[PDB]
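As structure tokens, the structure follows; a few thoughts come after it.
There are 2 protein chains.
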Amino acid sequence: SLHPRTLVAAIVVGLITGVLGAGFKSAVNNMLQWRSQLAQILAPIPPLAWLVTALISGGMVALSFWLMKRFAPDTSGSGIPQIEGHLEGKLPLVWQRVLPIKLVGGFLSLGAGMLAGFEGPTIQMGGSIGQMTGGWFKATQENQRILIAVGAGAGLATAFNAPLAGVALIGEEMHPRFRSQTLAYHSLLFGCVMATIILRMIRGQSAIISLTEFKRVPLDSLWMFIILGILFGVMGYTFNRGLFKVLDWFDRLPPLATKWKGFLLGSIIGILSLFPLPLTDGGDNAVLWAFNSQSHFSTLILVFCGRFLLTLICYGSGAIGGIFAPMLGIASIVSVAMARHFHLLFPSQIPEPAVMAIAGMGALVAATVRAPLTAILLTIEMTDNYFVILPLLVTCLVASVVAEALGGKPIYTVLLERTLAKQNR
Amino acid sequence: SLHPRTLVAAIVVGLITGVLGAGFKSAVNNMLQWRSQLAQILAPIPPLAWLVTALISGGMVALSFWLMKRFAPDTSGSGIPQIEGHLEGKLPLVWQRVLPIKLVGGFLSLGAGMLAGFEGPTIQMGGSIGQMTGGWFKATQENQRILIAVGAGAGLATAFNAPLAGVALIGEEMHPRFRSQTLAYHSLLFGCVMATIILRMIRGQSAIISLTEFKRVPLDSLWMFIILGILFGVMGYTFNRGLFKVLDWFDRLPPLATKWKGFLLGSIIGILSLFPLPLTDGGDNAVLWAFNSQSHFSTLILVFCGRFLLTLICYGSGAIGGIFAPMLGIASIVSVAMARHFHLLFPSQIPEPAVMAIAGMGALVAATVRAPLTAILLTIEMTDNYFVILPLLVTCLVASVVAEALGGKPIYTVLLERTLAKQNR
Ligand SMILES: [Cl-]
Ligand SMILES: [Cl-]
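These protein sequence lines map, in sequence, to chains B and A. Offset between the first sequence (1-based) and the entry's author numbering: plus 25. Offset between the second sequence (1-based) and the entry's author numbering: plus 25.
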């Protein structure tokens, strides 16, 4: 029941966000390693670098907070809420403000080593482009919502080289109307495909962490992932609660504290960037650290607590963030620790314990977001592994059920109610 | 925003349809091979077996057509249209009539070697069980809709050992309301999980055809799949158009022709079962024939025509069928031939030509059905291969577009319009 003019528009949307998302990630990574190489040049003598890396990080983050307001406080935090809202009625979206501020601002935040969060910027920048090209194409009212949704989806696909995930995002979480043109699915797929094709031409083509050869997953091992789900259930519950309490604390000023909040917060992160441990940055490193670098079980617990708190502090401060990746890093660290433990206890049912690490990789996301279907897809797409689906399905949706059984609520719908409460920012 | 009582109900649903779907498949295969062995015992002398297999097949299909009307004509054909219908208002669904007749009748049809169609009986039987258990649990109105959808998804998941597929089905095609409890997603997943778990305990655990090690898919090969799509586009177009014409012809009686239609149509199929080619039965054989048994490029063209026509006659006759598998066999036969051809022409861009076969495997489904997202997931789920996603995406959704650009109309919504036109059967 689809319509051409809108499909070609999607081709354009996904194409643009693809180029941007890819270049954005590349840009952020360049800045990340540049600050890492600067710390080593000065490393020899002595903690001089301690001061230098502290300034650069603190300065960037502060400069980022400034570029936020005044200019577009709308770009604060994730991006799912702002687009989920606009797409629904409440809250506006103006690309001329979001696009440049989210980009330049997001670059400063992430590049400084903040605990975010590529999908943050790339998802809002996606929606912006979707809208910006919606006008260029003189799209109808409904069609423009679609184009914005496509951008949002393409945004996620670009951050993780995960087409299906981006598509599922709009579908499950952020369920929009589309009336009656529900065949915005085509627009989505189109937008996502292009985005990743460009994403792969620029930095592709491989996945984030391909673990394709772990395929032995016995059926009488499933009971385990129920427990693993129960675990990520309460974990997601406290993560949400904690986030909100840290969100309040940061809302409570004082006017002076806020002025320094930008610099102080960014300078500590800069210090923690130096230690040889993945307790900063987006979370990709954290995942690429759980697997594969074998490290002391204690160090796992150590880095888990560090990141779990630090992400709360980082996102809680309201910096240009993005919470997806950080929860992937936290989960993958926990799932590895749990993988080891269960292999310890029932090796005959967990021959390859990597299976479990993979299963719980998207479990935290499913619990905190109420979006198991997308969390499942996400991990599949970023491990090229479908063999782990049964454990995946069980752990992810049991984590989701247990979370909203303790009454946790979708982190994004709450994050929206709050950003709405700022109808006087 | 989900509620417990229904979730566990979904667990039970998926559990039941899983066992039934599994047993049904096993029961049909036993019958299939039994007739094949019966043909070989009498094979030596001489075409005596020609007559016996003709009677057994013809009789079964005839007895099948009889058990249909009068008893439950609602069970004629697929199952998506009947569940898509009920789930939407038009058309009622009574489990006490469908469940038994769809089963016993479907066994006779499929067991006789008809060009169908596991996802036919299993998807309707699922919907029945979904309702059947909804009543037992005293589920509310909306909740009972959900359970019926859960049953339908589980039905598909059981036929192909493909959880996500059964989920994507309800989502993309057959888009229901669920108001505002859109978290029937959890119910779907839960139901599909249990379904495949049971399915894997009974006949699992391997996929239908795991081509997991073909993973070299160069980016400058996508242009090929754009063509492969165009091809499957017009293919799905004429397949739809053809089906409808054959349906009309069969609708035009005469009263006497119908009396024999069952026996005649079932007896010809009986004969064709003897030849050593996959030109009868569900379609799994046809797929497990494209790959891997290397066979003459001519024989491919032969079996393709045979099945493409025979499926139209079979389903067109209105026997208890199922159209998904048949369109998988036809497609995979074509995509394999196409794979060979493109490998012949541009080997540097199609290193592994299996990639092309895998891609166009669900393309016919995506064109005739308008449901590319589910066609994609289906192929991934039944090959364990995610590496083939970009081709998959392009080839499928391009094929979906091209079909509904020549004006094809979703085969299911049309099949539903026709069944509604029988508001007096
Ligand atoms: Cl995010
Ligand atoms: Cl079907």
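Yeah, the Cβ is synthetic: ideal placement off N, Cα and C, and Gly gets one too.
When the distance is taken between beta carbons, is residue j closer than 8 Å to residue i?
i: residue 398(A); j: residue 214(B); result: yes
i: residue 233(A); j: residue 407(A); result: yes
i: residue 91(A); j: residue 287(A); result: yes
i: residue 312(B); j: residue 246(B); result: no
i: residue 101(A); j: residue 93(A); result: yes
i: residue 196(A); j: residue 181(A); result: no
i: residue 220(A); j: residue 34(A); result: no
i: residue 332(A); j: residue 140(A); result: yes
i: residue 265(A); j: residue 438(A); result: no
i: residue 186(A); j: residue 135(A); result: no
i: residue 250(B); j: residue 416(B); result: yes
i: residue 257(A); j: residue 424(A); result: yes
i: residue 325(B); j: residue 361(B); result: yes
i: residue 426(A); j: residue 419(B); result: no
i: residue 110(A); j: residue 369(A); result: no
i: residue 183(A); j: residue 42(A); result: yes
i: residue 226(A); j: residue 118(B); result: no
i: residue 86(B); j: residue 57(B); result: no
i: residue 295(B); j: residue 174(B); result: no
i: residue 431(B); j: residue 259(B); result: yes
i: residue 303(A); j: residue 354(A); result: yes
Quick one: what's residue i bridged to in DSSP?
i: residue 102(B); result: 345(B)
Once DSSP output is grouped into helix, strand and coil, what is the label at residue i?
i: residue 317(B); result: coil
i: residue 350(A); result: helix
i: residue 190(A); result: helix
i: residue 277(B); result: coil
i: residue 28(A); result: coil
i: residue 451(A); result: Any answer about residue 451(A) is impossible in this case: the structure gives chain A only from 26 up to 450.
i: residue 396(B); result: coil
i: residue 142(B); result: coil
i: residue 266(A); result: helix
i: residue 167(A); result: helix
i: residue 206(A); result: coil
i: residue 54(A); result: helix
i: residue 389(B); result: helix
i: residue 408(B); result: coil
i: residue 113(A); result: coil
i: residue 219(A); result: helix
i: residue 199(B); result: coil
i: residue 374(A); result: coil
i: residue 299(A); result: coil
i: residue 431(A); result: coil
i: residue 156(A); result: helix
i: residue 35(B); result: helix
i: residue 66(B); result: helix
i: residue 47(A); result: helix
i: residue 450(A); result: coil
Measuring from the CB of residue i, is there a heavy atom of ligand 2 at a distance below 7 Å?
i: residue 347(A); result: yes
i: residue 171(A); result: no
i: residue 145(A); result: yes
Is any non-hydrogen atom of ligand 1 found closer than 7 Å to the C-beta of residue i, if you look at the structure I gave you?
i: residue 104(B); result: yes
i: residue 148(B); result: yes
i: residue 180(B); result: no
i: residue 142(B); result: yes
What residue range is occupied by the uninterrupted alpha helix (DSSP H) comprising residue i?
i: residue 307(B); result: Here residue 307(B) belongs to no alpha helix (DSSP H), and DSSP marks it neither H nor E.
i: residue 439(A); result: 436 to 445
i: residue 428(A); result: 414 to 428
i: residue 128(A); result: 120 to 136
i: residue 242(A); result: That residue, residue 242(A), is in no alpha helix (DSSP H); it is neither H nor E in DSSP.
i: residue 236(B); result: Taken as a continuous stretch (DSSP letters only), residue 236(B) belongs to no alpha helix (DSSP H), as it is neither H nor E.
i: residue 382(B); result: 379 to 384
i: residue 82(A); result: 73 to 93
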